[PDB]
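Coordinates from upload-v6.txt are shown below (compact mmCIF, C-alpha atoms).
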# COMPACT_ATOMS: atom_id res chain seq x y z
CA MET A 3 -89.76 -26.63 -12.15
CA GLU A 4 -90.25 -29.74 -14.29
CA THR A 5 -88.28 -32.73 -12.98
CA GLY A 6 -86.53 -33.25 -16.31
CA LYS A 7 -85.36 -29.64 -16.42
CA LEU A 8 -84.18 -29.73 -12.76
CA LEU A 9 -82.15 -32.87 -13.54
CA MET A 10 -80.55 -31.28 -16.64
CA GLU A 11 -79.61 -28.16 -14.67
CA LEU A 12 -78.10 -30.27 -11.82
CA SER A 13 -76.17 -32.40 -14.32
CA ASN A 14 -74.74 -29.36 -16.15
CA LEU A 15 -73.38 -27.62 -13.01
CA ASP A 16 -69.74 -28.34 -12.18
CA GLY A 17 -68.87 -29.57 -8.69
CA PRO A 18 -65.91 -31.97 -8.93
CA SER A 19 -64.84 -33.52 -5.60
CA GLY A 20 -63.45 -30.84 -3.31
CA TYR A 21 -64.97 -27.95 -5.30
CA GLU A 22 -68.74 -28.52 -4.92
CA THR A 23 -69.61 -24.92 -3.95
CA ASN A 24 -71.46 -23.88 -7.07
CA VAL A 25 -73.66 -27.02 -7.02
CA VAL A 26 -74.49 -26.42 -3.34
CA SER A 27 -75.25 -22.75 -4.05
CA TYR A 28 -77.74 -23.84 -6.71
CA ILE A 29 -79.41 -26.44 -4.45
CA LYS A 30 -79.55 -23.93 -1.58
CA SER A 31 -81.45 -21.51 -3.81
CA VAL A 32 -83.97 -23.99 -5.18
CA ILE A 33 -84.77 -25.47 -1.73
CA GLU A 34 -85.07 -22.13 0.05
CA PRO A 35 -88.82 -21.70 -0.47
CA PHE A 36 -89.42 -25.19 0.99
CA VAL A 37 -87.33 -25.31 4.15
CA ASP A 38 -87.49 -23.62 7.56
CA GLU A 39 -83.71 -23.30 7.38
CA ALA A 40 -80.60 -24.44 5.55
CA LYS A 41 -77.13 -24.71 7.04
CA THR A 42 -73.72 -25.37 5.54
CA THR A 43 -71.07 -27.49 7.22
CA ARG A 44 -67.44 -26.40 7.46
CA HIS A 45 -66.63 -28.73 4.54
CA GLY A 46 -69.42 -27.26 2.39
CA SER A 47 -72.29 -29.77 2.79
CA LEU A 48 -75.83 -28.40 2.86
CA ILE A 49 -78.58 -29.56 5.28
CA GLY A 50 -82.16 -28.39 4.59
CA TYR A 51 -84.40 -28.46 7.70
CA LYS A 52 -88.18 -28.76 7.46
CA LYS A 53 -90.00 -28.81 10.79
CA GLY A 54 -92.91 -31.20 11.20
CA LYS A 55 -94.91 -31.83 14.41
CA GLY A 56 -91.87 -33.12 16.29
CA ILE A 57 -92.66 -36.85 16.54
CA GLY A 58 -89.06 -37.70 15.60
CA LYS A 59 -86.32 -36.89 13.11
CA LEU A 60 -85.99 -38.44 9.64
CA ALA A 61 -82.83 -37.77 7.62
CA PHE A 62 -82.46 -38.23 3.84
CA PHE A 63 -78.93 -38.21 2.36
CA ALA A 64 -77.36 -37.73 -1.10
CA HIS A 65 -73.82 -37.15 -2.44
CA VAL A 66 -73.25 -34.06 -4.65
CA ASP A 67 -69.85 -34.35 -6.35
CA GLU A 68 -68.71 -35.56 -9.73
CA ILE A 69 -65.44 -36.81 -11.17
CA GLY A 70 -62.76 -34.32 -11.95
CA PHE A 71 -59.08 -34.14 -12.92
CA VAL A 72 -56.23 -31.83 -11.98
CA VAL A 73 -53.40 -30.82 -14.33
CA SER A 74 -50.43 -32.45 -12.58
CA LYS A 75 -47.72 -31.77 -15.14
CA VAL A 76 -47.12 -29.53 -18.11
CA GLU A 77 -44.31 -30.96 -20.28
CA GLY A 78 -43.67 -29.78 -23.83
CA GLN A 79 -47.03 -29.50 -25.57
CA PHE A 80 -48.70 -32.14 -23.36
CA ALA A 81 -50.50 -31.51 -20.06
CA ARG A 82 -51.04 -34.59 -17.91
CA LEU A 83 -54.31 -34.97 -15.94
CA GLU A 84 -54.77 -36.95 -12.72
CA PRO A 85 -58.14 -37.89 -11.20
CA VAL A 86 -59.14 -35.90 -8.13
CA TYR A 95 -64.89 -42.82 -19.26
CA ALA A 96 -64.03 -39.27 -20.32
CA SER A 97 -63.37 -37.80 -23.76
CA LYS A 98 -64.42 -34.14 -23.94
CA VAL A 99 -63.28 -32.11 -20.94
CA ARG A 100 -63.60 -28.49 -19.87
CA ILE A 101 -60.80 -27.01 -17.79
CA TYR A 102 -61.00 -24.09 -15.40
CA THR A 103 -58.05 -21.74 -15.95
CA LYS A 104 -57.13 -18.23 -14.87
CA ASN A 105 -58.48 -17.01 -18.23
CA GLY A 106 -61.86 -18.80 -18.24
CA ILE A 107 -62.80 -22.34 -19.34
CA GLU A 108 -60.71 -24.16 -21.96
CA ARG A 109 -62.25 -27.14 -23.80
CA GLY A 110 -60.40 -30.14 -25.16
CA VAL A 111 -60.45 -33.85 -25.78
CA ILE A 112 -58.52 -36.34 -23.67
CA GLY A 113 -55.81 -38.07 -25.69
CA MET A 114 -56.39 -36.11 -28.89
CA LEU A 115 -53.26 -34.93 -30.71
CA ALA A 116 -53.20 -31.77 -32.84
CA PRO A 117 -52.72 -32.66 -36.54
CA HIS A 118 -49.08 -33.69 -36.98
CA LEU A 119 -47.26 -36.17 -39.28
CA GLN A 120 -45.32 -38.21 -36.70
CA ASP A 121 -41.75 -39.36 -37.32
CA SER A 122 -39.51 -41.54 -35.13
CA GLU A 123 -38.41 -38.55 -32.99
CA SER A 124 -41.73 -36.76 -32.55
CA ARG A 125 -43.32 -40.14 -31.72
CA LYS A 126 -41.09 -40.46 -28.63
CA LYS A 127 -42.56 -37.32 -27.02
CA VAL A 128 -46.18 -38.53 -27.24
CA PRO A 129 -47.51 -39.56 -23.82
CA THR A 130 -47.54 -43.28 -23.02
CA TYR A 131 -50.79 -45.19 -23.59
CA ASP A 132 -51.96 -45.14 -19.98
CA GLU A 133 -51.53 -41.41 -19.30
CA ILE A 134 -54.47 -39.02 -19.41
CA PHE A 135 -53.42 -35.93 -21.36
CA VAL A 136 -54.52 -32.99 -23.47
CA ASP A 137 -52.48 -31.42 -26.31
CA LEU A 138 -51.80 -27.81 -25.21
CA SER A 139 -51.17 -26.58 -28.75
CA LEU A 140 -54.96 -26.90 -29.19
CA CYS A 141 -55.86 -24.49 -26.36
CA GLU A 142 -56.65 -20.83 -26.67
CA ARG A 143 -54.31 -19.74 -23.90
CA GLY A 144 -52.44 -21.42 -21.06
CA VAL A 145 -53.44 -24.24 -18.76
CA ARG A 146 -51.40 -24.56 -15.53
CA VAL A 147 -50.49 -27.16 -12.96
CA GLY A 148 -53.40 -27.10 -10.49
CA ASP A 149 -56.14 -26.32 -13.06
CA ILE A 150 -59.24 -28.52 -12.62
CA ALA A 151 -61.12 -30.28 -15.42
CA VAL A 152 -64.54 -31.92 -15.45
CA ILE A 153 -66.43 -33.80 -18.20
CA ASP A 154 -67.74 -31.41 -20.84
CA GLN A 155 -71.31 -32.64 -21.44
CA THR A 156 -74.55 -30.74 -21.99
CA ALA A 157 -77.53 -32.66 -20.65
CA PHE A 158 -80.41 -33.54 -22.99
CA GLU A 159 -83.81 -35.18 -23.02
CA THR A 160 -84.60 -38.10 -25.29
CA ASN A 161 -87.86 -40.15 -25.24
CA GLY A 162 -88.85 -39.11 -21.70
CA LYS A 163 -85.30 -39.76 -20.34
CA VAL A 164 -82.61 -37.30 -19.20
CA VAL A 165 -79.00 -37.98 -20.35
CA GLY A 166 -76.01 -36.13 -18.88
CA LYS A 167 -72.90 -36.28 -16.76
CA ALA A 168 -72.88 -36.85 -13.00
CA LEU A 169 -76.43 -38.17 -12.68
CA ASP A 170 -75.10 -40.96 -10.43
CA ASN A 171 -75.17 -38.28 -7.69
CA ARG A 172 -77.20 -35.43 -9.26
CA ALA A 173 -80.35 -37.53 -9.84
CA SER A 174 -80.42 -38.16 -6.06
CA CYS A 175 -79.94 -34.44 -5.37
CA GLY A 176 -82.99 -33.92 -7.69
CA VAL A 177 -85.04 -36.47 -5.65
CA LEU A 178 -84.28 -34.62 -2.40
CA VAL A 179 -85.11 -31.21 -3.89
CA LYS A 180 -88.47 -32.63 -5.08
CA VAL A 181 -89.18 -34.19 -1.65
CA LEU A 182 -88.97 -30.70 -0.06
CA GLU A 183 -91.26 -29.31 -2.75
CA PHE A 184 -93.82 -32.07 -2.13
CA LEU A 185 -93.70 -31.77 1.69
CA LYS A 186 -95.19 -28.27 1.40
CA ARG A 187 -98.62 -29.87 0.82
CA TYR A 188 -98.70 -31.70 4.12
CA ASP A 189 -98.81 -31.19 7.85
CA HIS A 190 -96.25 -34.00 8.21
CA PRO A 191 -95.51 -35.27 11.71
CA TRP A 192 -91.81 -35.98 11.22
CA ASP A 193 -89.11 -33.29 11.33
CA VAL A 194 -87.13 -33.74 8.09
CA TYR A 195 -83.43 -33.20 7.52
CA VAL A 196 -82.23 -33.34 3.89
CA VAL A 197 -78.49 -33.70 3.50
CA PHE A 198 -76.42 -32.89 0.40
CA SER A 199 -72.93 -34.17 1.24
CA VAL A 200 -69.68 -33.05 -0.31
CA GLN A 201 -66.66 -35.28 -0.81
CA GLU A 202 -64.61 -34.11 2.18
CA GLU A 203 -67.08 -35.31 4.85
CA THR A 204 -66.33 -38.31 7.05
CA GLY A 205 -69.67 -40.01 6.30
CA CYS A 206 -73.44 -39.35 6.11
CA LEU A 207 -73.79 -38.85 9.89
CA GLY A 208 -70.70 -36.62 9.99
CA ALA A 209 -72.15 -34.43 7.23
CA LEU A 210 -75.45 -34.05 9.06
CA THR A 211 -73.81 -33.30 12.43
CA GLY A 212 -71.59 -30.64 10.87
CA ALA A 213 -74.83 -28.63 10.81
CA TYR A 214 -77.28 -30.11 13.37
CA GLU A 215 -76.21 -32.05 16.47
CA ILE A 216 -79.04 -34.59 16.34
CA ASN A 217 -79.45 -38.37 16.11
CA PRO A 218 -82.10 -39.19 13.52
CA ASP A 219 -84.64 -41.87 14.37
CA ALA A 220 -84.56 -43.15 10.77
CA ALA A 221 -82.34 -42.48 7.75
CA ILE A 222 -82.86 -43.08 4.04
CA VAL A 223 -79.66 -43.01 1.94
CA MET A 224 -79.97 -42.33 -1.78
CA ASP A 225 -77.93 -44.12 -4.41
CA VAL A 226 -78.21 -45.21 -8.05
CA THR A 227 -78.11 -48.70 -9.56
CA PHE A 228 -78.78 -50.71 -12.71
CA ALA A 229 -76.75 -53.90 -13.07
CA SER A 230 -76.96 -56.71 -10.57
CA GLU A 231 -73.74 -58.34 -9.40
CA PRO A 232 -73.32 -62.11 -9.71
CA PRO A 233 -74.94 -64.26 -8.83
CA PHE A 234 -78.18 -62.32 -9.48
CA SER A 235 -79.95 -61.92 -12.84
CA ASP A 236 -80.15 -58.31 -14.21
CA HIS A 237 -83.77 -57.11 -14.01
CA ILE A 238 -83.78 -53.37 -13.20
CA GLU A 239 -85.37 -51.10 -15.80
CA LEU A 240 -85.62 -47.32 -16.11
CA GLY A 241 -89.23 -46.25 -15.48
CA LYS A 242 -90.25 -49.20 -13.27
CA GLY A 243 -89.62 -47.22 -10.06
CA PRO A 244 -87.10 -46.64 -7.28
CA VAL A 245 -85.11 -49.64 -6.16
CA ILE A 246 -85.35 -50.82 -2.59
CA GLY A 247 -82.02 -52.15 -1.25
CA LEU A 248 -82.46 -55.36 0.77
CA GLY A 249 -78.87 -55.91 1.91
CA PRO A 250 -77.68 -56.96 5.35
CA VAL A 251 -77.06 -53.36 6.55
CA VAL A 252 -80.63 -52.19 6.04
CA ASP A 253 -83.20 -52.28 8.80
CA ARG A 254 -85.66 -54.72 7.15
CA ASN A 255 -88.56 -53.67 9.40
CA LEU A 256 -88.15 -49.96 8.49
CA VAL A 257 -87.92 -51.12 4.89
CA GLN A 258 -91.22 -53.07 5.15
CA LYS A 259 -92.96 -49.95 6.56
CA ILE A 260 -91.70 -47.96 3.52
CA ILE A 261 -92.95 -50.71 1.21
CA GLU A 262 -96.39 -50.62 2.84
CA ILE A 263 -96.61 -46.85 2.27
CA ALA A 264 -95.64 -47.33 -1.37
CA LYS A 265 -98.30 -50.01 -1.71
CA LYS A 266 -101.04 -47.80 -0.21
CA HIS A 267 -100.05 -44.90 -2.46
CA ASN A 268 -99.52 -46.91 -5.68
CA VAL A 269 -95.80 -46.19 -5.86
CA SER A 270 -94.29 -48.85 -8.18
CA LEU A 271 -91.01 -50.20 -6.79
CA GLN A 272 -88.18 -52.49 -7.82
CA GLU A 273 -85.74 -54.27 -5.51
CA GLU A 274 -82.16 -55.55 -5.34
CA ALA A 275 -80.51 -58.03 -2.96
CA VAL A 276 -77.72 -55.70 -1.85
CA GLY A 277 -77.13 -52.43 -3.71
CA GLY A 278 -74.90 -49.45 -2.89
CA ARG A 279 -72.05 -48.20 -5.06
CA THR A 284 -69.38 -47.01 2.97
CA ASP A 285 -71.89 -44.25 3.75
CA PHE A 286 -73.58 -46.49 6.34
CA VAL A 287 -70.57 -46.91 8.67
CA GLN A 288 -71.42 -44.11 11.14
CA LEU A 289 -75.19 -44.66 10.93
CA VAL A 290 -74.99 -48.34 11.86
CA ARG A 291 -72.48 -47.68 14.67
CA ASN A 292 -74.89 -45.11 16.11
CA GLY A 293 -77.95 -47.37 15.88
CA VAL A 294 -79.75 -45.34 13.19
CA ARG A 295 -82.37 -47.55 11.47
CA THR A 296 -81.41 -47.20 7.80
CA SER A 297 -82.85 -47.85 4.37
CA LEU A 298 -81.05 -47.68 0.99
CA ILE A 299 -83.19 -46.60 -2.00
CA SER A 300 -81.81 -46.17 -5.50
CA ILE A 301 -82.69 -44.54 -8.80
CA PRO A 302 -82.20 -46.81 -11.88
CA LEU A 303 -79.45 -45.35 -14.06
CA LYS A 304 -78.08 -46.62 -17.36
CA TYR A 305 -74.51 -46.10 -18.69
CA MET A 306 -73.06 -45.67 -15.22
CA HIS A 307 -69.80 -43.71 -15.07
CA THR A 308 -69.91 -42.31 -18.65
CA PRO A 309 -70.67 -38.72 -19.81
CA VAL A 310 -74.11 -39.93 -20.97
CA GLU A 311 -75.65 -41.54 -17.89
CA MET A 312 -79.41 -41.89 -18.39
CA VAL A 313 -82.22 -41.68 -15.83
CA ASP A 314 -86.02 -41.59 -16.07
CA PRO A 315 -87.43 -38.42 -14.42
CA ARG A 316 -90.55 -40.37 -13.42
CA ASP A 317 -88.48 -42.66 -11.15
CA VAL A 318 -87.02 -39.51 -9.59
CA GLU A 319 -90.43 -37.95 -8.96
CA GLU A 320 -92.01 -41.18 -7.69
CA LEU A 321 -89.14 -41.65 -5.22
CA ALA A 322 -89.60 -38.09 -3.95
CA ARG A 323 -93.39 -38.70 -3.70
CA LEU A 324 -92.74 -41.84 -1.65
CA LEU A 325 -90.21 -40.09 0.63
CA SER A 326 -92.66 -37.21 1.25
CA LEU A 327 -95.31 -39.89 2.16
CA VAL A 328 -92.84 -41.57 4.54
CA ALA A 329 -92.53 -38.25 6.36
CA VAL A 330 -96.36 -38.15 6.60
CA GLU A 331 -97.25 -41.75 7.47
CA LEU A 332 -94.22 -43.48 8.94
CA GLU A 333 -94.87 -45.20 12.25

Mind turning the file's structure into structure tokens?
Amino acid sequence: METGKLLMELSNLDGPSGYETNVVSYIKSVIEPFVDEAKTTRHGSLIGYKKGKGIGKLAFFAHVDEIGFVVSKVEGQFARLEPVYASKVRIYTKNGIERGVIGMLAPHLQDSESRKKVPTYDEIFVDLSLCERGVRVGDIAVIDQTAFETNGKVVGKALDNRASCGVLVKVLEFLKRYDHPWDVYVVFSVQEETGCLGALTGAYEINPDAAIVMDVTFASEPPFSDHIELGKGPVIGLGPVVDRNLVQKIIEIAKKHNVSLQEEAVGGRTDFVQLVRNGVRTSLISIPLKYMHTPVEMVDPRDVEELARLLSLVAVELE
């Protein structure tokens, strides 16, 4: 489908850490027509496999979860939430989804006694007198946000991981046009995996020859000057963990195919621990995102598509 629509659908799905099944079920269905096979790990990660001519194995990785909260305590009319920023939340209960606003009290004229029962400033809570029916200890909540498009951008929750999922879905779609030499493994990792290599090996016992890890970025950390912009392209990480020679080969492919790129000295929000230990040459590439960690993260769908175009070209021309 259109990249903007794919991103809105990925953003709207709920897959808080530990409960990413529905998001994986959606990705499994959209990538099906573009892979030779797709396997799930025991933790719930999904690996799409697209056979090439067998010259080597290239692995692309992306996280899939989003923030969530669990009801840890129900005292009086206030339910306390603990993480597994946020204002509107939707909570999965035995009766369906209940919607509420973190820290909002139901209309009440407080007095010195009622004031004592109101949760302390730091606690995350919802006022149960505002719900339709119960909420119980153990119920899970996620941010209640409907994605939207504004001026060519997509705004919605969880794009810090879902935009990368969108890039990998588009790479598989684009690879259908080529007789690419590399065998490609696309990995959508859930929270409970040990690392990027552990997710991949939960499905295929292989050692990739090259790996590209997806991430998102925007602000630079001191001492660098902020310069990333939405729409100016995917951001090449140039930190000490990346294989700079593999990175230069990717840059040369982008140059030949007119893929506009941006760069950052380090990058990365580690996922590279296993890869480095196993000698996998790795590259970090990020999608520019604004309003990081809020319900209204914003990405440019063109950066997403251009990254997927570049990654499909890497599978065709690398080495």

message = I'd like to know which of A:147, A:223, A:210, A:169 is closest to residue 76 of chain A, using only C-alpha atoms.
response =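 Going through A:147, A:223, A:210, A:169 one by one, the smallest distance to residue 76 of chain A is for A:147.
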
request  = Would you mind listing what lies within 10 Å of residue 46 of chain A as a count of residues only, with only C-alpha atoms counted and same-chain residues fewer than 6 positions away left out?
outcome  = 14

key: residue 193 of chain A surroundings by all atoms listed in the file, 7 Å radius, close-in-sequence under 2 positions cut, as a list in words   =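 Once the nearby chain positions are removed, what remains is residues 52, 53, 54, 55, 56, 58, 59, 60, 191 and 195 of chain A.
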
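In this comparison, which uses only C-alpha atoms, the residue of A:112, A:39, A:129, A:172 approaching residue 16 of chain A most closely is A:172.
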
task = Write out as a list in words the residues lying within 8 Å of residue 227 of chain A, counting all atoms listed in the file and excluding same-chain residues fewer than 6 positions away.
result =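 After dropping sequence-adjacent residues, the list is residues 245, 277, 278, 279, 300, 301, 302 and 303 of chain A.
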
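Rounded to one decimal, atom CA of residue 180 of chain A and atom CA of residue 314 of chain A lie 14.4 Å from each other.
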
Would you kindly return, as a PDB file with C-alpha atoms, keeping the file's coordinate frame, each protein, DNA or RNA residue with an atom no farther than 6 Å from any atom of residue 100 of chain A, considering all atoms listed in the file and excluding same-chain residues fewer than 5 positions away?
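The result, stored in around.pdb:
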ATOM      1  CA  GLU A 108     -60.710 -24.160 -21.960  1.00  0.00           C
ATOM      2  CA  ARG A 109     -62.250 -27.140 -23.800  1.00  0.00           C
ATOM      3  CA  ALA A 151     -61.120 -30.280 -15.420  1.00  0.00           C
ATOM      4  CA  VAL A 152     -64.540 -31.920 -15.450  1.00  0.00           C
ATOM      5  CA  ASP A 154     -67.740 -31.410 -20.840  1.00  0.00           C
TER       6      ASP A 154
END

ask   = For residue 265 of chain A, which residue among A:324, A:231, A:242, A:153 is the nearest when counting only C-alpha atoms?
value =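 Between A:324, A:231, A:242, A:153, the residue approaching residue 265 of chain A most closely is A:324.
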
task = May I have the residues at most 10 Å from (-77.9, -27.7, -11.2) in the file's coordinates, counting all atoms listed in the file, as a PyMOL selection string?
result = chain A and resi 7-17+24-29+32+172+175-176

Please, could you write that set of residues out with C-alpha atoms as a compact mmCIF listing (two decimals), in the frame of the given file?
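Written output follows (part-v7.txt):
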# COMPACT_ATOMS: atom_id res chain seq x y z
CA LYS A 7 -85.36 -29.64 -16.42
CA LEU A 8 -84.18 -29.73 -12.76
CA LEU A 9 -82.15 -32.87 -13.54
CA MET A 10 -80.55 -31.28 -16.64
CA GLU A 11 -79.61 -28.16 -14.67
CA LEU A 12 -78.10 -30.27 -11.82
CA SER A 13 -76.17 -32.40 -14.32
CA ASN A 14 -74.74 -29.36 -16.15
CA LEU A 15 -73.38 -27.62 -13.01
CA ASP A 16 -69.74 -28.34 -12.18
CA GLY A 17 -68.87 -29.57 -8.69
CA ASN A 24 -71.46 -23.88 -7.07
CA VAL A 25 -73.66 -27.02 -7.02
CA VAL A 26 -74.49 -26.42 -3.34
CA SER A 27 -75.25 -22.75 -4.05
CA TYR A 28 -77.74 -23.84 -6.71
CA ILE A 29 -79.41 -26.44 -4.45
CA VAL A 32 -83.97 -23.99 -5.18
CA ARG A 172 -77.20 -35.43 -9.26
CA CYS A 175 -79.94 -34.44 -5.37
CA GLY A 176 -82.99 -33.92 -7.69

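Residues lying within 9 Å of (-74.1, -40.7, 10.8). Counted over all atoms listed in the file, they are residues 204, 205, 206, 207, 208, 209, 210, 211, 217, 218, 221, 285, 286, 287, 288, 289, 290, 291, 292 and 294 of chain A.
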
note = One residue among A:30, A:167, A:125, A:65 is nearest to residue 50 of chain A when using all atoms listed in the file, and that residue is A:30

ask   = Between atom CA of residue 111 of chain A and atom CA of residue 127 of chain A, what is the distance, to one decimal in Å?
value = 18.3 Å

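Atom pair atom CA of residue 34 of chain A / atom CA of residue 319 of chain A: separated by 19.0 Å.
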
ask   = Counting only C-alpha atoms, which of A:146, A:75, A:44, A:323 gets nearest to residue 188 of chain A?
value =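 The answer is A:323, which sits nearest to residue 188 of chain A.
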
ask   = Got a sec: who's within 12 Å of segment 118-123 of chain A, counting all atoms listed in the file, leaving out chain neighbours fewer than 4 positions off, as an NGL selection string?
value = :A and (114 or 127-128 or 137 or 139-140)

key: Nearest to residue 320 of chain A by atom-to-atom distance, counting only C-alpha atoms, from A:235, A:80, A:5, A:216   =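 Once distances to residue 320 of chain A are computed over only C-alpha atoms, the minimum belongs to A:5.
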
Coordinate excerpt as a tab-separated table (two decimals), in the first residue's frame: segment 40-130 of chain A, C-alpha atoms:
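See part_21.tsv below for the written result:
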chain	number	residue	atom	x	y	z
A	40	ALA	CA	8.63	-16.50	7.45
A	41	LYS	CA	9.39	-18.07	10.81
A	42	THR	CA	8.56	-17.10	14.36
A	43	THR	CA	10.97	-17.53	17.27
A	44	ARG	CA	9.89	-19.01	20.60
A	45	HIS	CA	9.70	-15.46	22.02
A	46	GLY	CA	7.52	-14.25	19.13
A	47	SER	CA	10.00	-12.51	16.79
A	48	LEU	CA	9.40	-12.81	13.06
A	49	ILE	CA	12.13	-13.47	10.44
A	50	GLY	CA	11.19	-13.06	6.75
A	51	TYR	CA	13.48	-15.02	4.37
A	52	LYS	CA	13.98	-14.00	0.75
A	53	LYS	CA	16.34	-16.22	-1.23
A	54	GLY	CA	18.74	-14.55	-3.64
A	55	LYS	CA	21.49	-16.28	-5.68
A	56	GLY	CA	23.34	-17.44	-2.57
A	57	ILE	CA	26.43	-15.19	-2.63
A	58	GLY	CA	26.07	-14.57	1.12
A	59	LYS	CA	23.57	-13.62	3.80
A	60	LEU	CA	22.50	-10.07	4.63
A	61	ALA	CA	20.35	-9.46	7.73
A	62	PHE	CA	18.24	-6.35	8.41
A	63	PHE	CA	16.89	-5.83	11.95
A	64	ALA	CA	14.14	-3.74	13.62
A	65	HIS	CA	12.45	-3.68	17.05
A	66	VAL	CA	8.63	-3.99	17.15
A	67	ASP	CA	7.39	-3.09	20.64
A	68	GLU	CA	6.03	0.06	22.20
A	69	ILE	CA	5.70	1.38	25.73
A	70	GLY	CA	3.00	-0.03	27.92
A	71	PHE	CA	1.85	-0.02	31.54
A	72	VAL	CA	0.37	-2.65	33.83
A	73	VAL	CA	-2.22	-1.96	36.55
A	74	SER	CA	-0.18	-2.80	39.67
A	75	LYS	CA	-2.64	-1.73	42.35
A	76	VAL	CA	-6.31	-0.94	42.68
A	77	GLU	CA	-6.91	1.13	45.84
A	78	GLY	CA	-10.14	3.01	46.47
A	79	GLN	CA	-11.10	4.75	43.23
A	80	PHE	CA	-7.50	4.97	41.97
A	81	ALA	CA	-5.67	2.36	39.88
A	82	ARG	CA	-1.89	2.71	39.81
A	83	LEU	CA	0.02	1.99	36.57
A	84	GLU	CA	3.64	0.83	36.30
A	85	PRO	CA	5.69	0.82	33.08
A	86	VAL	CA	6.25	-2.59	31.53
A	95	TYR	CA	5.04	11.20	27.94
A	96	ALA	CA	1.57	9.67	28.16
A	97	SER	CA	-1.82	11.30	28.73
A	98	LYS	CA	-4.61	9.34	27.00
A	99	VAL	CA	-4.36	5.60	27.53
A	100	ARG	CA	-6.40	2.59	26.45
A	101	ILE	CA	-6.51	-0.41	28.78
A	102	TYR	CA	-7.18	-4.00	27.87
A	103	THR	CA	-9.65	-5.54	30.34
A	104	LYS	CA	-11.73	-8.70	30.49
A	105	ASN	CA	-14.66	-6.65	29.14
A	106	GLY	CA	-12.93	-4.94	26.18
A	107	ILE	CA	-10.84	-1.75	26.01
A	108	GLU	CA	-11.35	1.02	28.57
A	109	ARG	CA	-10.09	4.54	27.76
A	110	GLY	CA	-8.88	7.12	30.24
A	111	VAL	CA	-6.44	9.90	30.95
A	112	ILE	CA	-3.41	9.49	33.19
A	113	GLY	CA	-3.68	11.64	36.30
A	114	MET	CA	-7.15	12.99	35.55
A	115	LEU	CA	-9.56	13.12	38.50
A	116	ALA	CA	-13.33	12.79	38.08
A	117	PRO	CA	-15.07	16.10	38.95
A	118	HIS	CA	-14.97	16.44	42.74
A	119	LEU	CA	-14.75	19.43	45.14
A	120	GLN	CA	-11.77	18.39	47.29
A	121	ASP	CA	-11.68	18.96	51.04
A	122	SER	CA	-8.87	18.24	53.52
A	123	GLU	CA	-9.90	14.56	53.89
A	124	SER	CA	-10.61	13.69	50.25
A	125	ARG	CA	-7.33	15.42	49.31
A	126	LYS	CA	-5.37	12.85	51.36
A	127	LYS	CA	-6.57	9.93	49.21
A	128	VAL	CA	-5.38	11.47	45.91
A	129	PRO	CA	-2.27	9.71	44.61
A	130	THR	CA	1.07	11.40	45.25
